[PDB]
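Next up is one chain by itself, shown in structure tokens, the form deposited in one PDB entry.
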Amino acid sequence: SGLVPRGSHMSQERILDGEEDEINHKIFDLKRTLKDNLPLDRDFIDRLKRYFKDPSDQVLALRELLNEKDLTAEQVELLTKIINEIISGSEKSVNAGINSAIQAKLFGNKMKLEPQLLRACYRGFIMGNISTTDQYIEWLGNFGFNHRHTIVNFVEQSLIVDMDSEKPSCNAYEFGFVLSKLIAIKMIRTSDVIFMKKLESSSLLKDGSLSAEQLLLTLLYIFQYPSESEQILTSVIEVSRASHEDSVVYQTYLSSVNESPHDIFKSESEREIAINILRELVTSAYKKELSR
């Protein structure tokens, strides 16, 4: 570890369902039903699950209830065993939701987004089985154009914290796969940024006829389906022709692909296909334009 005394008190502050007062009552009702007077734990579970549907929140509520200074005695055992039932087979998802709660609140307030949506986001990222491009397309769709870069920062900050937690969502090897996933995502952001600068110098976005988001998606599809670059660019061409010569828009894509991280494509072979097609497009356009 091996010297950080993790941790760890403060469970209630990591609960993302409701309001500080709305959560505070809920925890008291569970303190009132009842560790102080000596009930009775069956269907008390359905009360727990009714107040907090999310397992991360459910676990945090019981950990707070485990703070009561009674501290008798078999009640500890019953509280800790309900914790095991909720967590069992869901360790990853629970631990990720807990470990990223403060970041979700931090970024939630910054992005003007609901924290629990960011919690779902980080869980989805470490537990999903979708590609880097699909993941990027999903975030773009879910959170918006404005939030596309910030969302990857939130995941990175959540990952950092998760790895430093006393109970991380993954083991070393699994975080290794997550780290690789994240760097690949960051490469996509890098081309996203490169691509945006190329559209600026081309001014293909100034008038507002073309949307930066749809243009981005077009570039993302090229990373996925290089052989269909020509078809992918069809709807762009139908609009750009009004003020831009075909070769300008094709060059914008060629150069963006040229100077972007190679690893965004499935392989170098697939990257060559994209470059060869876009060059063929640029070349054909120029010859048609100057002659005549």
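Heads up, when I say rigid core I mean the largest set of C-alphas that superpose within 1.5 Å between the two forms. For every residue, the number given is its place in the sequence shown, counted from 1.
Between 135-143 and 68-76, point out the one with the higher average CA B-factor as the PDB entry records it. Looking at the recorded C-alpha B-factors, 68-76 comes out higher on average.
Residue stretch of maximal mean CA temperature factor, 222-230 vs 27-35: That would be 27-35.
Thinking about Cα B factors across the chain, which third does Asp41 belong to? It falls in the top third of the chain.
Rank-wise, by C-alpha B-factor, drop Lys112 into the lowest, middle or highest third of its chain. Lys112: CA B-factor falls in the middle third of its chain.
Classify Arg148 as lowest, middle or highest third according to the C-alpha B-factor given in the PDB entry, relative to its own chain. For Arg148, whose C-alpha B-factor we compare with every modelled residue in the chain, the answer is the lowest third.
Record-listed C-alpha B factor of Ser243: chain third: Answer is highest: the recorded C-alpha B-factor places it there.
Would you check the entry's CA temperature factor for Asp263 and let me know if it's in the chain's lowest, middle or highest third? Tercile = highest for this residue's CA B-factor.
The same protein also exists as the form deposited in another entry; that form is not shown, yet it is the one meant from here on.
At a threshold of 2 angstroms on the CA positions, core aligned, which residue out of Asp29, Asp46, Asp36, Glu230 shifts between the shown form and the other one? Spelled out, the residue whose C-alpha shifts by 2 Å or more is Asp36.
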